[PDB]
Amino acid sequence: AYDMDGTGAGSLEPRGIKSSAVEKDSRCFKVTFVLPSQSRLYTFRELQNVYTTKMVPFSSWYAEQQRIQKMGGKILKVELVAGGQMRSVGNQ
Amino acid sequence: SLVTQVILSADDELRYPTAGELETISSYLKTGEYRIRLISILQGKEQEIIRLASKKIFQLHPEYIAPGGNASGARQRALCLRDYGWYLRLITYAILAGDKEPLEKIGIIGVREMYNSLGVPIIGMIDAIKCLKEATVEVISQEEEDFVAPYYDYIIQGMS
Amino acid sequence: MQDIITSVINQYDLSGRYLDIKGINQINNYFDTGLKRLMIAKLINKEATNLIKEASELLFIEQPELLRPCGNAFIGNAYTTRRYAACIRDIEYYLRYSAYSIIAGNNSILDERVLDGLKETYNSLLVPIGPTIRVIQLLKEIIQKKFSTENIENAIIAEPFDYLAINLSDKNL
Amino acid sequence: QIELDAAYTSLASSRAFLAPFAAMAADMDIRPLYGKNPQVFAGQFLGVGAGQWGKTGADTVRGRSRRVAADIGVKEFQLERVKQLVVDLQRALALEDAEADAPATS
Amino acid sequence: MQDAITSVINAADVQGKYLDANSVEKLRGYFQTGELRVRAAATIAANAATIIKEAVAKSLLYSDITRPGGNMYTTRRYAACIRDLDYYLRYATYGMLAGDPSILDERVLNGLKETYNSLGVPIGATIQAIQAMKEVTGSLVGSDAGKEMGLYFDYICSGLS
Amino acid sequence: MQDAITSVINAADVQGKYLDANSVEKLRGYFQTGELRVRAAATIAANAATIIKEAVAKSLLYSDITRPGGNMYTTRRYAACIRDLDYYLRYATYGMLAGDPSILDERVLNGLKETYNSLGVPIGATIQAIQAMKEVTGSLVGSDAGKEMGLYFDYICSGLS
Amino acid sequence: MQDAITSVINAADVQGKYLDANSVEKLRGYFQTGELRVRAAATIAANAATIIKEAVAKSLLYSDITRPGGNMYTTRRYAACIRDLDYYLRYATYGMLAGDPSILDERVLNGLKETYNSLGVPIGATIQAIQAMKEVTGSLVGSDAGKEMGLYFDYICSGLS
Amino acid sequence: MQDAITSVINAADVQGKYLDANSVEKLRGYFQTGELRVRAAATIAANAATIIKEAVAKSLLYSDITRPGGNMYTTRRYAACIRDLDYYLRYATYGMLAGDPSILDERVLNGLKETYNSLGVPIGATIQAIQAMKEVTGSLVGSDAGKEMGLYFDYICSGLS
Amino acid sequence: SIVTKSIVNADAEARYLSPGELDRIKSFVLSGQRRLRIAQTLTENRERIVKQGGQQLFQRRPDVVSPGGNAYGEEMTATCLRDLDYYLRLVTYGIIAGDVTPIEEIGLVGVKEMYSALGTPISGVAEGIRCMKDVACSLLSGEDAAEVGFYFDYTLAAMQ
Amino acid sequence: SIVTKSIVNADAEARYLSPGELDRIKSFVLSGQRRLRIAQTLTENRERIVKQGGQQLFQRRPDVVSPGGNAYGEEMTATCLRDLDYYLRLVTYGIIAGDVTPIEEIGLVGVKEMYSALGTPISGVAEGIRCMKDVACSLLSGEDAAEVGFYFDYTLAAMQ
Amino acid sequence: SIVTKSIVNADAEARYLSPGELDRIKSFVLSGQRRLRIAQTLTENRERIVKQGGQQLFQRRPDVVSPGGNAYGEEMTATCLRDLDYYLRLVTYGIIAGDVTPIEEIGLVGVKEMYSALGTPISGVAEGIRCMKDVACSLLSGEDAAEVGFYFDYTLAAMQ
Ligand SMILES: CCC1=C(C)/C(=C/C2=NC(=C\c3[nH]c(/C=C4\NC(=O)[C@H](C)[C@H]4CC)c(C)c3CCC(=O)O)/C(CCC(=O)O)=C2C)NC1=O
Ligand SMILES: CCC1=C(C)/C(=C/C2=NC(=C\c3[nH]c(/C=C4\NC(=O)[C@H](C)[C@H]4CC)c(C)c3CCC(=O)O)/C(CCC(=O)O)=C2C)NC1=O
Ligand SMILES: CCC1=C(C)/C(=C/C2=NC(=C\c3[nH]c(/C=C4\NC(=O)[C@H](C)[C@H]4CC)c(C)c3CCC(=O)O)/C(CCC(=O)O)=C2C)NC1=O
Ligand SMILES: CCC1=C(C)/C(=C/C2=NC(=C\c3[nH]c(/C=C4\NC(=O)[C@H](C)[C@H]4CC)c(C)c3CCC(=O)O)/C(CCC(=O)O)=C2C)NC1=O
Ligand SMILES: CCC1=C(C)/C(=C/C2=NC(=C\c3[nH]c(/C=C4\NC(=O)[C@H](C)[C@H]4CC)c(C)c3CCC(=O)O)/C(CCC(=O)O)=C2C)NC1=O
Ligand SMILES: CCC1=C(C)/C(=C/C2=NC(=C\c3[nH]c(/C=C4\NC(=O)[C@H](C)[C@H]4CC)c(C)c3CCC(=O)O)/C(CCC(=O)O)=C2C)NC1=O
Ligand SMILES: CCC1=C(C)/C(=C/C2=NC(=C\c3[nH]c(/C=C4\NC(=O)[C@H](C)[C@H]4CC)c(C)c3CCC(=O)O)/C(CCC(=O)O)=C2C)NC1=O
Ligand SMILES: CCC1=C(C)/C(=C/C2=NC(=C\c3[nH]c(/C=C4\NC(=O)[C@H](C)[C@H]4CC)c(C)c3CCC(=O)O)/C(CCC(=O)O)=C2C)NC1=O
Ligand SMILES: CCC1=C(C)/C(=C\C2=NC(=C\c3[nH]c(/C=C4\NC(=O)[C@H](C)[C@H]4CC)c(C)c3CCC(=O)O)/C(CCC(=O)O)=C2C)NC1=O
């Protein structure tokens with residue numbers, strides 16, 4: 001149910017990003033970034049806005065913030081808008 | 001370079017390079033000094049290959065330069081000899097970084113659409129590079145003629 | 001897919017045995033022609049745009065019915081340039097995927113990415129399989145012209161283009 | 001000095017953290033499987049095996065109080081290095097002041 | 001991303017010149033030290049779980065952050081914290097292989113510090129663990145490989161400060 | 001979110017202590033008044049439609065706001081009006097049950113003052129509409145039940161001004 | 001998204017009144033010029049690929065941008081340049097048909113000055129590319145219709161700098 | 001999915017009737033055994049790894065399917081084998097709580113026989129592993145709850161042959 | 001927590017708590033006095049539960065205390081017992097909160113990644129919790145030992 | 001049912017039910033005797049609850065049965081009271097199921113689309129259910145009339 | 001296989017084989033007769049490697065052959081060395097193929113689930129493979145022992 005059940009190297013599930021969020025976590029950030037396509041010049045799809053500011057859950061910020069980096073994007077700011085800091089229980 | 005392809009190919013799987021991937025870096029890095037002499041010979045003949053290749057494209061495509069074409073003129077023909085300081089320059093960048101990325105990040109990507117803005121026959125430059133490969137073979141021996149040969153074909157296949 | 005080494009290594013793993021001389025003789029036969037299988041692929045890379053024009057021209061000179069109207073049964077041929085463009089695209093798929101299998105020494109890449117689902121797609125668009133088997137065999141006859149002196153390069157070249165015709169063909173006999 | 005004294009208060013706080021369990025496991029019966037009598041096969045642990053004794057012997061012992069003790073020994077090394085640097089600085093000041101009280105330019 | 005080779009290609013391309021003598025000289029240093037880096041990257045990949053385990057113990061298991069009331073107290077925060085160190089050790093090996101620290105600015109230090117500040121992760125204690133990881137790895141690969149690995153462990157810290 | 005039970009577990013866990021006498025007293029304060037919140041929580045869920053209909057007509061119905069050119073003029077703007085008031089009433093009922101207004105800061109007051117200022121929503125009128133919604137909701141659950149109820153309506157209005 | 005007729009309706013609607021005398025002349029003004037706009041957008045769409053060809057050659061062709069070190073140097077950067085001008089010309093055509101420049105705010109300038117600033121694209125050169133493209137269009141579509149297309153070109157330049 | 005309660009409601013509603021005496025007795029049969037099912041469900045969840053570990057050793061641990069040529073030979077196929085056994089144990093526990101095998105039809109058995117025929121998994125050896133897993137479970141939960149769990153172990157085997 | 005966990009399931013659908021969910025919260029606060037009493041019984045029998053439960057663990061798993069095991073040494077054995085007091089404390093949080101959210105968020109999420117980084121066998125931590133569960137079930141009543149065992153069982157399933 | 005929502009909710013996470021989730025099932029089967037008795041008391045008062053409910057509805061809404069209203073005529077008023085019997089039957093299912101999910105899956109999903117197509121005012125069906133709630137709540141005790149009224153208020157909220 | 005790796009990488013980009021992949025395949029075909037020698041030396045010395053390899057494993061981990069250990073007994077110790085023979089076989093497959101793909105697909109994917117469901121300490125299998133690698137590297141020359149060390153190293157990293 002949560003991403004930290006022990007799945008690592010030499011397991012049956014393929015290696016991916018693992019989050020430290022609890023089951024049904026409810027912490028969300030507020031991020032800002034630019035992400036060019038870097039593939040439109042051989043697909044010829046439509047043009048889209050690449051300047052984004054959105055709320056992203058804690059459960060996906062590791063994967064999203066790690067995907068923006070792989071695809072050449074640049075993160076301009078990130079803040080926590082929902083949730084407590086160093087809370088032991090009460091993140092659900 | 002070849003190390004940036006292995007490091008990037010492994011990073012999206014979230015792992016270290018494998019035993020066969022680390023061998024790709026080892027063999028390439030050991031052949032780095034032979035690639036460092038080959039591209040120096042090319043830089044010494046950059047002014048002469050144009051002299052042989054410029055002869056070829058115009059006897060093969062004489063309709064481009066004659067009156068009746070739109071882009072010819074005594075005005076622009078002055079700085080002609082500085083041209084292949086750009087294209088075979090990329091061929092020296094690709095001979096050093098032993099792969100096609102410098103020839104593909106620059107050059108091939110967007111080269112067709114780049115010329116279609118004008119309406120120029122794109123088949124001319126495809127033949128311009130093919131005759132360029134004909135030019136680079138006489139100023140170079142036969143042993144390292146097989147070493148720079150596969151790098152030209154990628155430009156023809158990329159433009160086509 | 002599986003190269004020639006992986007097929008021999010998987011056939012021995014199925015018995016739970018190590019590689020003896022019989023399995024090492026097979027791997028040596030690929031390590032002998034391996035340096036020659038690259039000269040063939042580098043030739044295709046240099047002549048790729050030429051080998052497709054001549055295969056297309058020789059195909060339409062013998063099958064003039066493909067460049068003409070489709071008939072009320074809406075057969076998909078090279079009637080219009082929208083169809084002519086799409087059908088020349090297919091001739092590259094046969095040439096590209098046949099160059100891969102010449103370096104793999106095995107037809108596993110051919111069926112796993114070309115043949116599984118091909119007749120279902122051509123029967124869906126009504127594309128003729130007869131002419132398609134011919135142009136695959138015209139590419140074989142052309143590429144063998146560059147390699148005439150030594151005949152061990154003809155066997156390597158015919159393997160990918162023969163497999164596609166034997167597996168796309170209908171079993172009449 | 002006054003961050004070495006903060007290291008000693010962390011060693012005293014690390015022992016009080018584990019002292020309900022350090023004395024609670026002191027009257028348990030902890031019998032091992034090998035290592036003590038020679039009639040049982042112990043393998044590597046007849047003694048210790050092949051380089052694994054360490055540079056000191058205390059570096060192979062794990063624990064919260066052994067780990068803050070290695071912090072103390074690296075913090076007392078930097079205090080003793082600079083306390084021996086004020087000794088020979090104080091020598092050169094006196095050896096230049098012996099020139100001053102001798103009849104000279106100052 | 002750019003390695004030692006692409007750095008001279010990216011440089012000569014913007015001015016538009018061919019590679020000169022001085023540019024060729026530093027590439028010789030990278031090519032000569034090639035098998036030194038490939039051997040180091042192989043041993044770090046096998047002893048990855050061992051380098052992080054005694055770097056955390058030498059740095060974090062003694063302080064008060066593993067006790068209640070500190071970061072990485074709970075198991076959820078102890079697993080998340082040794083997960084980061086597995087990334088720092090993997091990206092530092094990419095830098096030693098590529099011979100250039102540019103990959104750390106793009107895929108490590110890209111929005112990472114601002115994430116720690118909101119969450120409340122101590123930036124000083126993170127530097128202490130990456131620094132302890134630097135000597136622990138310097139004993140496995142030797143002094144030569146250990147010095148190159150220290151250029152990218154020190155790089156992650158100088159940008160995280 | 002953290003309720004009254006979780007908030008005392010948090011205070012104890014940050015010290016490593018079990019639940020002492022001062023902690024068990026706060027827990028009985030929640031359990032003793034617990035079945036009163038469950039009864040008040042069902043009474044407001046049944047009268048939610050009328051608590052909003054009487055608060056709106058009494059506060060901002062024939063006001064200039066509903067005339068042409070004001071806010072809540074179009075039917076969508078009117079429907080977004082009464083859709084917001086039910087959001088506050090539904091979340092103030094979540095807080096009275098949990099006995100801790102932590103759910104209001106994460107899912108209601110999460111930057112709601114900037115959103116209302118950008119759109120041009122009159123903050124002075126929304127605070128008086130929530131207040132008007134407190135006088136009709138208080139006459140339903142009584143005074144003892146309204147004490148914990150009105151404790152969160154003022155939390156939204158105070159965190160909104 | 002809103003064109004001229006929906007903006008003249010919004011003026012009378014925001015005061016709740018009916019369309020009086022002055023409102024129709026602003027409607028007849030758009031109706032009388034309706035044929036002049038649709039005939040201009042037909043000629044622009046047929047000469048799109050060529051209208052850009054001189055605009056690049058008019059201002060940005062022999063500059064330092066196409067040369068190494070400047071922007072538009074690499075083929076990928078040149079293709080992105082002319083691809084951006086095509087979207088400027090199309091959206092500038094939509095705005096002239098609607099007679100209201102609102103469409104340029106929602107679907108063009110939303111995040112454009114920030115995108116260009118992050119990549120390093122020159123705002124001064126792009127302003128010359130659109131000012132160059134604005135003059136050539138005035139020749140094809142004519143003098144009167146050419147100024148209307150120009151009114152939406154300067155709108156993009158004014159809000160882009 | 002529907003449990004024993006909803007299965008009685010649907011049988012009545014499909015006729016338009018209220019719950020009569022014949023359906024009320026079925027509702028009493030479930031309430032009387034509700035505490036016994038919740039007790040068995042908690043012990044199965046805690047001993048799941050040992051029920052699968054002992055059903056595998058007894059049935060197929062040293063058989064022909066261990067060794068090369070047989071199925072479940074490689075570690076990726078051994079690990080997929082015991083992931084199927086963890087489906088049947090968990091879904092047989094849902095059916096025991098609900099008292100209705102409806103959830104075994106939708107989320108387990110629907111199209112499961114064709115999946116095994118395409119993959120090449122032996123059905124006879126799978127049924128023997130569930131039967132060995134039924135005997136180990138029946139000894140942990142007792143004789144009364146043990147024959148309830150076996151009621152939904154046989155639904156999987158008969159729904160699989 | 002029962003209250004927190006039922007407000008999240010109603011905040012997702014964006015609706016008030018239904019009469020079925022308010023009836024479960026009511027039957028939870030009615031059992032508040034009895035839960036505070038059971039947590040008190042474990043809180044005052046800490047030494048006996050940790051001392052008796054840990055002694056049984058070192059008899060069933062002598063390898064953890066033999067040379068080469070994780071809990072070899074007087075500080076390593078005392079820390080092995082420090083963990084059992086952690087899991088006993090979290091069990092009292094779970095009994096009072098009405099659910100396992102205090103146990104799961106603190107010491108169950110990432111427990112396998114933690115103990116694998118310390119070198120501890122997770123099957124030995126699960127055997128130590130099973131030795132504390134019967135020592136704790138002998139100090140409670142018939143119906144309280146049954147309810148307390150539910151929270152010890154859940155810590156066993158999540159630790160396998 | 002309470003059991004159904006606990007099993008599907010724990011299937012989306014692919015895990016077993018927790019002790020907090022199993023207590024809600026134990027607490028629910030304990031109240032099975034009271035639920036079967038309250039549903040029986042309503043089933044025995046069908047003609048009074050329905051007829052009494054539809055009698056008060058035609059005084060608070062006299063237009064629905066007058067000339068021009070939806071329920072004008074004996075045949076139409078008969079089907080008028082037929083609908084109230086559907087929701088009384090659904091309310092007895094929810095009281096026995098332990099939650100309002102039978103009322104929702106039967107006669108609340110798409111209720112506004114159904115009644116808008118038939119030409120029936122949905123506001124009148126909610127007024128007729130509120131009148132049946134007062135009649136049904138006058139036949140019960142102190143705490144048994146409180147929970148049964150919650151099942152009548154849920155239907156009205158979802159019907160507006 | 002490194003050949004298969006280079007054909008599927010060019011397939012993803014929808015282009016022919018590039019010069020960076022055609023010289024890498026040349027390095028592999030040119031190094032073929034040397035791999036078949038090394039892989040056949042480990043195949044002819046299986047007993048001395050597996051028997052010596054397990055010998056040194058039973059001295060670094062005596063708890064696996066003690067009473068209660070996993071490999072305790074004559075039949076369980078024989079199954080212990082059955083697994084060291086599987087992983088020596090897969091290592092020879094990986095040396096002939098030029099990459100670690102045959103090791104990954106056979107005995108590395110899901111290896112933790114297998115040994116965790118058997119009761120075997122995964123750290124003891126990695127400690128035995130590390131002891132076979134020492135005997136394996138004693139039969140080879142200085143440079144061939146480094147070539148084979150990469151394939152033994154990949155198995156350990158995946159088994160940790
Ligand atoms: C890599 C293996 C592979 C192959 C071969 C392949 C073929 C393929 N051929 C297609 C169409 C087509 N193919 C042809 C081909 C021909 N017409 C003739 O008369 C000749 C017999 C033949 C040329 C030699 C035509 C005309 C269409 C378009 C049919 C239509 O749209 O009417 C299409 C549908 C268009 C699309 O791609 O979206 C596919 C998928 N796809 C694959 O993945
Ligand atoms: C409905 C729009 C449409 C057109 C026109 C079209 C033409 C078309 N012309 C073709 C070839 C050809 N077309 C021409 C000649 C000419 N073509 C001209 O429009 C000129 C009048 C003349 C040159 C002065 C020649 C000589 C060939 C054969 C080239 C070859 O051998 O490949 C082919 C290739 C197959 C063939 O016919 O041999 C197509 C598909 N397709 C279309 O979908
Ligand atoms: C509240 C949830 C929670 C847990 C559980 C937790 C565990 C935890 N266990 C630790 C160590 C340890 N834990 C053990 C445990 C064991 N050895 C054995 O043989 C047994 C199998 C097992 C206990 C049953 C040992 C030996 C150490 C010391 C390891 C070292 O220092 O290298 C440490 C590092 C030092 C310390 O502070 O104790 C943490 C943080 N932290 C938490 O926040
Ligand atoms: C590859 C580049 C990269 C990194 C490194 C990265 C880190 C990162 N660390 C995180 C949290 C965290 N990181 C830590 C780390 C630590 N605690 C300590 O005491 C130590 C100082 C430190 C370990 C060295 C902790 C405890 C959290 C959880 C914070 C919380 O839950 O409150 C999070 C939030 C999401 C999540 O935890 O799943 C991200 C995105 N992201 C990236 O893209
Ligand atoms: C769950 C917590 C939460 C809140 C509170 C929330 C508010 C919120 N109110 C909005 C609009 C609005 N809000 C109002 C509100 C008012 N008009 C008045 O006269 C009063 C002063 C006031 C209250 C009745 C109006 C009229 C709009 C429509 C604005 C528009 O359509 O442009 C919008 C824009 C989206 C939309 O058009 O529906 C949001 C996101 N969103 C949330 O997620
Ligand atoms: C509809 C409104 C709209 C616009 C205009 C838009 C533009 C836009 N321009 C881009 C890049 C770019 N744009 C340029 C543009 C220029 N270089 C020059 O020298 C010129 C002065 C200038 C053009 C006149 C370049 C060079 C890049 C690529 C930068 C790089 O690759 O480093 C990108 C990144 C995606 C990609 O390059 O594939 C977007 C999304 N997006 C939108 O939604
Ligand atoms: C080709 C990839 C592959 C592997 C590796 C594999 C392993 C495997 N190991 C097994 C057992 C076993 N494996 C061991 C292994 C060990 N005991 C120790 O103490 C050591 C740490 C360790 C060996 C170094 C033992 C003792 C058993 C028997 C366990 C039992 O019977 O309960 C079994 C069950 C019996 C059988 O069917 O053979 C399999 C399938 N199968 C495969 O297909
Ligand atoms: C179990 C959930 C459920 C409901 C509620 C339901 C309603 C339903 N109401 C109907 C008609 C009707 N419903 C009414 C209702 C009313 N007239 C009034 O004045 C009142 C305001 C209102 C409520 C008493 C009337 C008058 C008709 C007949 C309409 C006509 O004949 O024109 C019909 C068409 C005839 C029939 O099949 O009976 C259906 C199916 N079906 C369902 O499955
Ligand atoms: C990789 C290096 C690189 C180049 C060159 C480039 C862009 C570039 N150089 C061009 C033309 C050019 N056209 C000529 C001359 C001619 N053209 C020919 O093919 C004949 C030799 C002759 C026929 C008249 C020359 C020398 C250039 C390069 C710069 C210039 O002189 O304008 C054009 C066509 C439109 C124009 O700018 O006028 C582009 C787009 N981008 C790049 O990244």
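Both counts, for ligands and for their atoms, begin at 1 and track the order of listing. Side chains are part of it too, since the values below use all heavy atoms of this structure and drop only hydrogens, waters and symmetry mates. Each chain gets a letter, A, B and so on, in the order the sequences are listed, and its residues count up from 1.
Within a 4.0 Å radius of atom 19 (O) of ligand 2, the protein has no heavy atom. Using a 4.0 Å threshold on non-hydrogen atoms, atom 23 (C) of ligand 2 does not count as touching the protein.
Within the 4.0 Å heavy-atom shell around ligand 1 one finds C:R82. Proximity of C:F74 to ligand 1 is not established, as no heavy-atom distance is less than 4.0 Å. Put simply, part of C:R89 is less than 4.0 Å from ligand 1, judged by heavy atoms. Assignment of F:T115 to the shell around ligand 5 is not supported, since no heavy atom sits closer than 4.0 Å.
Every atom of ligand 5 is numbered from 1 in the order shown, and the set under 4.0 Å from a heavy atom of F:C81 is 24 (C). Interface of F:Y88 with ligand 5, defined as ligand atoms under 4.0 Å from a residue heavy atom, comprises 5 (C). Counting the atoms of ligand 5 from 1 in the order shown, those under 4.0 Å from a heavy atom of F:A80 are 12 (C), 27 (C), 28 (C). Below 4.0 Å from some heavy atom of F:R107 lie the following atoms of ligand 5, by number and element: 1 (C), 2 (C). Short contacts between ligand 5 and F:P122, defined as distances under 4.0 Å to a heavy atom of the residue, involve ligand atoms 21 (C).
Among protein heavy atoms, the minimum distance from atom 40 (C) of ligand 2 is reached at C:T81 N, 3.9 Å.
For F:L112, every heavy-atom contact with ligand 5 shorter than 4.0 Å involves the side chain, none the backbone. Residue C:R113 touches ligand 1 through its backbone alone, judged by heavy-atom distances below 4.0 Å.
Salt bridge C:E54/C:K145: absent, no basic N to carboxylate O contact under 4.0 Å. Comment: C:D170 engages C:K119 in a salt bridge, judged by a side-chain N to carboxylate O separation of less than 4.0 angstrom.
Looking at C:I61, C:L67, C:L66 and measuring to atom 38 (O) of ligand 2, the nearest heavy atom belongs to C:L67.
Taking only nitrogen or oxygen atoms, main chain and side chain alike, C:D90 reaches within less than 3.5 Å of ligand 1. Among the atoms of C:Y79, none of the N or O lies under 3.5 angstrom from an N or O of ligand 2. For ligand 1, none of its N or O atoms has an N or O atom of C:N77 under 3.5 Å away.
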